[PDB]
There are 2 protein chains.
Amino acid sequence: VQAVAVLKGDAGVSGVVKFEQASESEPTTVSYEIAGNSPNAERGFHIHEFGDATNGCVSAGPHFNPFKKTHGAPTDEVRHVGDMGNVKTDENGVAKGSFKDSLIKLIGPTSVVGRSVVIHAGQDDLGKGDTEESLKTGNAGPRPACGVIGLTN
Amino acid sequence: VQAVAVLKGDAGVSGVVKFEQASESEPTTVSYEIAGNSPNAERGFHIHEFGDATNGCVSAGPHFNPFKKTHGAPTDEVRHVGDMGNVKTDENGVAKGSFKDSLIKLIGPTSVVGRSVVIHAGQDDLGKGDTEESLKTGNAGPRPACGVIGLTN
Ligand SMILES: [Cu+2]
Ligand SMILES: [Cu+2]
Ligand SMILES: [Zn+2]
Ligand SMILES: [Zn+2]
């Protein structure tokens, strides 16, 4: 199964995030190309609950969290399903990369098809900050771009 | 269950299409508000197969047609799952309305969550035309706007 999200916004950030998953129990491969970010930085990157684009990136809602866990790093076992950590940006503001994830799925009752991807303006502190906010959002800040995740082939 | 598609493009047409379905066997209520169309007209309106926005409205693919039927009117038994007929536009170019449909679902293996809605620049001939093309697209013409269908609440 394949899916894709086209990230758009008004802040100069835009990109494309691709998903592929062979079967429900197998990892999903997530790959991304994102332009217009701050250079030489780390930027929070998550699946949010709703595929709702009626109000910018606000209407995407919170991090996708069906299991009611705190916010964490992708390699933490306690994390939101949608937590994809930080993406690294180069000297030109480009984030490009890929990873595998075993919580993110395109199949079954936690499928992210129809949800959203958000790229943030700040760094995700991976749930390790001082704040109650760290356990909710990682303090990753504003949502310069987002896109609904759709089926493709 | 609720879903929504935000229709966008570069042709002056834009809008929002909402979906609600209580359970898989019951009708889906589809409501829409679309601006910027030709006035006093009828414009084709369909669910297309893919929620892929990487190439304008082209990458949405063809009408959603899992049962491999010909294109028809919503009230035809032989139609594509995605066939929503024409929407009527007023003297200001606005289409606003709602309807129930029993093939379109937000639940189950034919769910349209993660697919696309397209509003066309021309009238859908409902499969009644003189063409092979009528039985594929209803001759509804260009795709001035589209949006991926996402989960909301
Ligand atoms: Cu986020
Ligand atoms: Cu169409
Ligand atoms: Zn999170
Ligand atoms: Zn059709």
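In what follows, every chain begins at residue 1, and chains take the letters A, B, ... in the order their sequences are listed.
Between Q21(B) and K105(B), some side-chain heavy-atom pair lies under the 4.5 Å cut-off.
Taking non-hydrogen atoms and a 4.5 Å limit, the residue list of residues 110-146 of chain B in contact with chain A, ordered by number, reads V113(B), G114(B), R115(B). At a heavy-atom cut-off of under 4.5 Å, chain B is reached by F50(A), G51(A), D52(A), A53(A), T54(A) from residues 43-54 of chain A, listed in order of number.
Annotation: side-chain contact (heavy atoms from CB on, under 4.5 Å) contacts of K8(A) (sequence neighbours excluded): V6(A).
Without hydrogens or angle criteria, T89(A) side chain to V94(A) main chain gives no donor-acceptor distance under 3.5 Å. For the pair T28(A) (side chain) and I104(A) (backbone), a donor-acceptor distance under 3.5 Å is present. Under a 3.5 Å cut-off, the side chain of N37(A) and the backbone N or O of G93(A) do form a donor-acceptor pair. Proximity of a side-chain donor or acceptor of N65(B) to a complementary backbone N or O of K68(B) within less than 3.5 Å is detected.
Looking at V16(B), only its side chain comes within 4.5 Å of chain A, counting heavy atoms on both sides. Using a 4.5 Å cut-off between heavy atoms, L151(A) contacts chain B through both its backbone and its side chain.
For the pair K96(B) and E33(B), the salt-bridge criterion is met [side-chain N within less than 4.0 Å of a carboxylate O]. Salt-bridge check for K69(A) with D76(A): failed, with every basic side-chain N at 4.0 Å or more from each acidic carboxylate O.
The 12-atom threshold is not exceeded at CG of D10(B), counting heavy atoms of other residues, nucleotides or ligands nearer than 6.0 Å.
Within the structure, disulfide (SG to SG under 2.5 Å) contacts touching residues 60-138 of chain A (residues at least two apart or in different chains) do not occur.
Among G150(B), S59(B), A5(B), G61(B), the residue with the largest count of heavy-atom pairs under 4.5 Å with chain A is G150(B).
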Test side chain to side chain contact (heavy atoms under 4.5 Å, CB included) on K18(B) and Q2(B); report intermediate values, then the result. CA-CA 7 Å; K18(B) 293 188 171 164; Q2(B) 286 178 105; over 6 Å; no
